[PDB]
Each structure stands twice: as C-alpha cells, then as structure tokens.
Amino acid sequence: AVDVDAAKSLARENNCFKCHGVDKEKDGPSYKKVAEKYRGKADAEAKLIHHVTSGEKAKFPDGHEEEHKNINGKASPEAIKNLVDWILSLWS
Ligand code: HEC
C-alpha cells in the first residue's frame, strides 16, 4: 500500500513540486495527467522508475529541453518505488 506522506515528503525534498502539481500543470505535466497517460500500462511502474533515475531529455512548454531531475542514488529504491506508485494512483 502506498505511503502517501512518504511519497509527498520525497517529492518536496527533491523539488518535484516546483514543476509538477497534483492537478495543476506547471513547467511539467500534472501528476493526474501522468497517471491518466499511464493508466493500465503493465510496465508503468518500471517506466516511471526509469524516467526519474535516468536524466533523459525533458521537453518544456516553451520549447527548450533539459535533462530531467535524476534522483538515482539520492533516495532508497523503496522510497522511489513508493513515490512512483503514488503518482500512478492520481487519475482517480
Ligand atoms: C522542472 C525543472 C521539473 C522538475 C524539478 C521535475 N520535473 Fe518531472 N517533468 C518535467 C517536464 C518538463 C516533464 C515533461 C517532459 C516531456 O518531454 O514531456 C516532466 C515529466 C515528468 C513525468 C512524466 C514522464 C512521462 O513518461 O510521461 C513524471 C512522472 C515526472 N516528471 C516526475 C517528476 C518527479 C518525481 C520529480 C522529482 C524527482 C520531477 N519530475 C522533477 C519537469 C520537471
């Protein structure tokens, strides 16, 4: 079961909410929209764990790109999984 407080704590600590809201878009997509994009995908969790631990290109609204925030080695595997699992749940 997702630990919601631990997920939101990890997000705060790693600047995630500076660019993402739960329901409101900012620099990055809302997590509700992400959850919708990935709803049902069998490999959703692995894909988002990959996304947050690789630093691949992230295209911004104004057209510029940056390597995405990479938290590999900055928290535990269990904490990262729990944060992904929280995100994926936010479609409802
Ligand atoms: C602003 C500087 C950002 C910070 C800090 C973080 N994210 Fe981000 N993220 C951002 C952008 C601009 C995008 C869109 C990239 C694109 O090319 O479309 C994203 C995307 C995500 C996603 C969706 C990935 C996908 O496969 O659809 C997730 C789940 C996500 N970002 C999570 C996330 C987390 C957990 C962060 C803190 C560790 C974080 N982001 C920081 C911009 C920014």
# chains A, B, ... in the order shown; residues from 1 in each chain; ligands from 1
call {"tool": "residues_around", "arguments": {"residues": "residue A:74", "least_positions_apart": "6", "cutoff": "12 Å", "atoms": "only C-alpha atoms", "output": "ChimeraX atom specification"}}
result
/A:10-11,13-14,52-53,80
call {"tool": "select_by_dssp", "arguments": {"residues": "stretch 50-92 of chain A", "states": "strand (DSSP E or B)", "output": "MDAnalysis selection string"}}
result
chainID A and resid 57:59 65:67
call {"tool": "residues_near_ligand", "arguments": {"ligand": "ligand 1", "cutoff": "8 Å", "atoms": "only C-alpha atoms and all ligand atoms", "output": "PyMOL selection string"}}
result
chain A and resi 10-12+14-20+27-29+31+34+37-38+47-48+51-52+57-61+65-66+68-71+83-84+87
call {"tool": "atom_distance", "arguments": {"atom1": "atom CA of residue A:76", "atom2": "atom CA of residue A:92"}}
result
26.9 Å
call {"tool": "select_by_dssp", "arguments": {"residues": "stretch 23-80 of chain A", "states": "alpha helix (DSSP H)", "output": "count of residues only"}}
result
23
call {"tool": "closest_residue", "arguments": {"among": "A:5, A:78, A:63, A:72", "to": "residue A:50", "atoms": "only C-alpha atoms"}}
result
A:72
call {"tool": "closest_residue", "arguments": {"among": "A:75, A:22, A:88, A:1", "to": "residue A:44", "atoms": "only C-alpha atoms"}}
result
A:88
call {"tool": "decode", "arguments": {"residues": "stretch 18-92 of chain A", "atoms": "C-alpha atoms", "output": "JSON list (two decimals), in the first residue's frame"}}
result
[["chain", "number", "residue", "atom", "x", "y", "z"],
["A", 18, "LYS", "CA", 8.44, 23.06, -8.09],
["A", 19, "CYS", "CA", 7.50, 21.89, -11.55],
["A", 20, "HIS", "CA", 4.56, 19.44, -11.02],
["A", 21, "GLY", "CA", 1.25, 19.73, -9.31],
["A", 22, "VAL", "CA", -1.18, 17.02, -8.44],
["A", 23, "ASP", "CA", -3.97, 18.59, -10.54],
["A", 24, "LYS", "CA", -2.42, 21.84, -11.77],
["A", 25, "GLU", "CA", 0.02, 21.93, -14.63],
["A", 26, "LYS", "CA", 3.18, 23.92, -14.23],
["A", 27, "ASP", "CA", 6.52, 23.54, -16.05],
["A", 28, "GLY", "CA", 5.86, 19.79, -16.00],
["A", 29, "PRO", "CA", 2.54, 17.83, -16.51],
["A", 30, "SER", "CA", 0.19, 17.37, -13.62],
["A", 31, "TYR", "CA", 0.56, 14.08, -11.92],
["A", 32, "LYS", "CA", -3.14, 13.44, -12.62],
["A", 33, "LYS", "CA", -2.36, 13.73, -16.35],
["A", 34, "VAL", "CA", 0.64, 11.45, -15.98],
["A", 35, "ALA", "CA", -1.46, 8.88, -14.11],
["A", 36, "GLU", "CA", -4.04, 9.11, -16.95],
["A", 37, "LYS", "CA", -1.33, 8.62, -19.58],
["A", 38, "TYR", "CA", -0.04, 5.51, -17.92],
["A", 39, "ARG", "CA", -3.36, 4.03, -16.69],
["A", 40, "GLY", "CA", -3.41, 0.26, -17.29],
["A", 41, "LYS", "CA", 0.06, 0.01, -18.74],
["A", 42, "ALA", "CA", 1.61, -3.23, -17.50],
["A", 43, "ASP", "CA", 5.09, -1.67, -17.24],
["A", 44, "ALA", "CA", 4.03, 1.70, -15.90],
["A", 45, "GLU", "CA", 5.92, 1.45, -12.65],
["A", 46, "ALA", "CA", 9.16, 0.30, -14.23],
["A", 47, "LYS", "CA", 8.85, 3.05, -16.89],
["A", 48, "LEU", "CA", 8.46, 5.86, -14.36],
["A", 49, "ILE", "CA", 11.19, 4.45, -12.07],
["A", 50, "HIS", "CA", 13.37, 4.59, -15.20],
["A", 51, "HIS", "CA", 12.24, 8.08, -16.05],
["A", 52, "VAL", "CA", 13.17, 9.52, -12.63],
["A", 53, "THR", "CA", 16.54, 7.75, -12.38],
["A", 54, "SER", "CA", 17.98, 8.33, -15.93],
["A", 55, "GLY", "CA", 18.11, 12.07, -16.72],
["A", 56, "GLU", "CA", 16.78, 11.75, -20.20],
["A", 57, "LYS", "CA", 15.59, 14.74, -22.17],
["A", 58, "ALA", "CA", 12.55, 16.60, -20.91],
["A", 59, "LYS", "CA", 10.80, 18.93, -23.32],
["A", 60, "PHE", "CA", 9.45, 22.08, -21.68],
["A", 61, "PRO", "CA", 6.34, 24.04, -22.63],
["A", 62, "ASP", "CA", 8.33, 26.95, -24.13],
["A", 63, "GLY", "CA", 10.21, 24.55, -26.46],
["A", 64, "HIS", "CA", 13.56, 24.28, -24.65],
["A", 65, "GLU", "CA", 14.90, 21.00, -23.30],
["A", 66, "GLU", "CA", 16.77, 19.93, -20.15],
["A", 67, "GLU", "CA", 17.90, 16.56, -18.78],
["A", 68, "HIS", "CA", 15.09, 15.57, -16.29],
["A", 69, "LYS", "CA", 15.75, 15.67, -12.49],
["A", 70, "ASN", "CA", 17.55, 12.40, -11.69],
["A", 71, "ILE", "CA", 17.13, 11.03, -8.19],
["A", 72, "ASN", "CA", 19.25, 7.87, -8.77],
["A", 73, "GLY", "CA", 21.37, 7.42, -5.65],
["A", 74, "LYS", "CA", 19.52, 10.25, -3.82],
["A", 75, "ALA", "CA", 16.94, 8.06, -2.10],
["A", 76, "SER", "CA", 16.29, 4.45, -1.46],
["A", 77, "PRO", "CA", 14.89, 2.14, -4.13],
["A", 78, "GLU", "CA", 11.87, 1.54, -1.85],
["A", 79, "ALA", "CA", 11.20, 5.27, -1.48],
["A", 80, "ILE", "CA", 11.46, 5.89, -5.24],
["A", 81, "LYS", "CA", 9.05, 2.97, -5.93],
["A", 82, "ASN", "CA", 6.59, 4.32, -3.37],
["A", 83, "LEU", "CA", 6.68, 7.77, -4.96],
["A", 84, "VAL", "CA", 6.06, 6.30, -8.48],
["A", 85, "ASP", "CA", 3.22, 4.20, -7.11],
["A", 86, "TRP", "CA", 1.65, 7.34, -5.58],
["A", 87, "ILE", "CA", 1.89, 9.22, -8.84],
["A", 88, "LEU", "CA", 0.30, 6.40, -10.83],
["A", 89, "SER", "CA", -2.67, 6.36, -8.49],
["A", 90, "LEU", "CA", -3.67, 10.00, -9.02],
["A", 91, "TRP", "CA", -6.01, 9.55, -12.01],
["A", 92, "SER", "CA", -8.93, 9.00, -9.69]]
